[PDB]
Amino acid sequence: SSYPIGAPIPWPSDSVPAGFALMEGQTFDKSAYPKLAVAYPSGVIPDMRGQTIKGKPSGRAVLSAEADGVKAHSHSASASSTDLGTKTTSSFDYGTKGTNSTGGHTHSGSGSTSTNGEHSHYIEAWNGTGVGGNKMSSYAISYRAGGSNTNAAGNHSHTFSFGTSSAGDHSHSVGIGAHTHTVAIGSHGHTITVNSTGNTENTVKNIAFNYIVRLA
C-alpha cells in the first residue's frame, strides 16, 4: 500500500469515513485487526488529541510523549534611579554654659587731703619784780612794740580708712561659629519579583485536524 495501515492520517472533517477510527487512546482486538497490530503491538491506538507529530530523535522511544515547554532564555533589566530627598536631624541642645572664674585684682591711688589745722595757743603771763627768767612777763604793756615767733613744732601724720564705690559690672562676647557633620548611610538591596507572562500552553501556528487511522 502507498500509505501503510497504522500510520496516522490528518482528516479535515468531524465525519469519519467508513473503515477508519479516531485516534483516541482506545484498545483494539489484535486478532481482528492483524495489520493494525503490526503497527501497534500493544493493541492500543495512541491518543492524538492535542498532539503534534515529531520525527523520533536518538534518545527518545517511538510513541513517547513530550510536554510543551519554553526554551531557556533570560531578559535584560534595569531599575530607575531614586532620589531620597532631604531629611531633618534630631535637635541637640547645649543649654547654658558657665565660664571659668577670673578677674581678682587691686588698684593703686594717691592724692592730697584738704587744708585744715588753723589754731592758736594760750600763754601764761606773769608779773612782779624780784624774779626773772624763762616765763613770759607782762611787766610793761602800754603800747605795741612789734612781735616775734615761737619756735617751730607740730609735725604729725594721720591714718585713713575707706571702702570704695561699687564698680566693674560687665559682660563679654564669645564667638562660637558654625559646623556640619557627616553621616554614613551604608548598603542596601531590594527583593525583585518578576511576574508571569504567557498562555496555558506553548504553541506554534497550527490548524486543527482529526487524526484517524485505517483499521484494515
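Numbering starts at 1 and follows the sequence shown.
J.: Mean C-alpha B factor from the entry: is it higher for 92-100 or for 71-79?
T.: Between 71-79 and 92-100, it is 92-100 that shows the higher mean C-alpha B-factor.
J.: Give the stretch, out of 107-115 and 80-88, with the larger mean C-alpha temperature factor in the deposited entry.
T.: For C-alpha atoms only, the mean B-factor is higher in 107-115.
J.: Can you tell me which of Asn151, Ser161, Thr180, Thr52 has the highest Cα temperature factor in the record?
T.: Out of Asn151, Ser161, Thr180, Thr52, the record gives the largest C-alpha B-factor to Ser161.
J.: Compare the CA B factors listed in the entry for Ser166, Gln26, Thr191, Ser64 and report the winner.
T.: Most elevated C-alpha B-factor of the set, per the entry: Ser166.
J.: Lowest, middle or highest third of the chain for the C-alpha temperature factor of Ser15?
T.: Highest third.
J.: Compared with the other modelled residues in the chain, in which third is the CA B-factor of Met48?
T.: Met48: CA B-factor falls in the lowest third of its chain.
J.: Ordered by C-alpha B-factor within the chain, which third holds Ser138? Give me lowest, middle or highest, please.
T.: Within its chain, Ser138 is a middle-third residue by C-alpha B-factor, going by the deposited values.
J.: Pull the Cα B-factor of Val131 out of the PDB entry and bin it into the chain's lowest, middle or highest third.
T.: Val131: CA B-factor falls in the highest third of its chain.
J.: According to the PDB entry, is the CA B factor of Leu36 in the bottom, middle or top third of its chain, that is, lowest, middle or highest?
T.: Bottom third by C-alpha B-factor.
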